[PDB]
Structure formats: C-alpha cells, structure tokens
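There is one chain below, alone, in structure tokens, taken in the form solved without the named molecule.
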C-alpha cells in the first residue's frame, strides 16, 4: 500500500541514518574499535522479504552500539533499535562471503531502503 509501506520504509531509513550519524564522528572515541566488529552482508537484497537479513544482524548491531556514546545519537540508541525491530517485523538469509564493517553494513541497508521507495514513487 504505497502509503503504509513507503511510510515505514522512510521511517526505517531515518532510524538507520540516525544510527550512522551517531557512531560516525569525532565525539565518538571508540569509532576505531567499533570498526573491527564483523557484520554479515546480504548477497541479494532486492525485496522486502530480504529484510530478514537485516533482522538477523540487529542483536550484533545492538551489542557493538554499546561501545558508542549515547549522547551523539539523536534518539536514544535503544529507541532506534526498537523502532527498526518493529518496522522489519511489520514489513518483511543468503549472506555474502566477505564480511563488512558497521559503516558499510548501515550504508548498504540505507541504500536498499532508498531503493524500494523509488519503486513506490
């Protein structure tokens, strides 16, 4: 339904961009260690059904976000992870060989969120 689904994808998107602005900065002194954690990436991520691949990596994502300073995030991280967990459960794995960093992993799902929206427009 162009509006329930795009309304949730643009809300998924902003929760993810808000997690990335939180870790990604000079006021974040453990960025370098966060950068060494392994995140798995979806081989394919062409449909919403593929959100299972993001769903599966959400508790790795929460464990490593514990290294981040609550303060530079726009929403309490806890809220950001709950919000994304409710939207994926309400919207929805073949992983790729080479693993990725938290910044490549967030960036890759921001890109899939923007991609489906552009089909729904």
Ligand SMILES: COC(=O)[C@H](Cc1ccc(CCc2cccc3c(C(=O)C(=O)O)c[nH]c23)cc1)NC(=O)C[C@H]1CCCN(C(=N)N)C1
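Numbering follows the first chain given and starts at 1.
The modelled chain breaks between residue 92 and residue 93, where 4 to 9 residues of the deposited sequence lack coordinates.
Only in words, not in the display: the form solved in complex with the named molecule, which the text now covers.
Counting atoms of the named molecule, placed from its pose in the deposited complex by superposing the C-alphas round the site, that lie within 2.4 Å of this form's backbone or C-beta atoms gives 3 or more, so the site is blocked. Within 4.5 Å of any heavy atom of the named molecule in the deposited complex lies no heavy atom of residue 93.
Heavy atoms of residue 64 reach within 4.5 Å of the named molecule in the deposited complex, making it an interface residue. Although the partner is absent here, residue 34 sits close enough that one of its heavy atoms falls within 4.5 Å of the named molecule in the deposited complex.
Of the heavy atoms in residue 68, some are within 4.5 Å of the named molecule in the deposited complex. Using a 4.5 Å cut-off to the named molecule in the deposited complex, each of 30, 38 and 57 places a heavy atom inside that distance.
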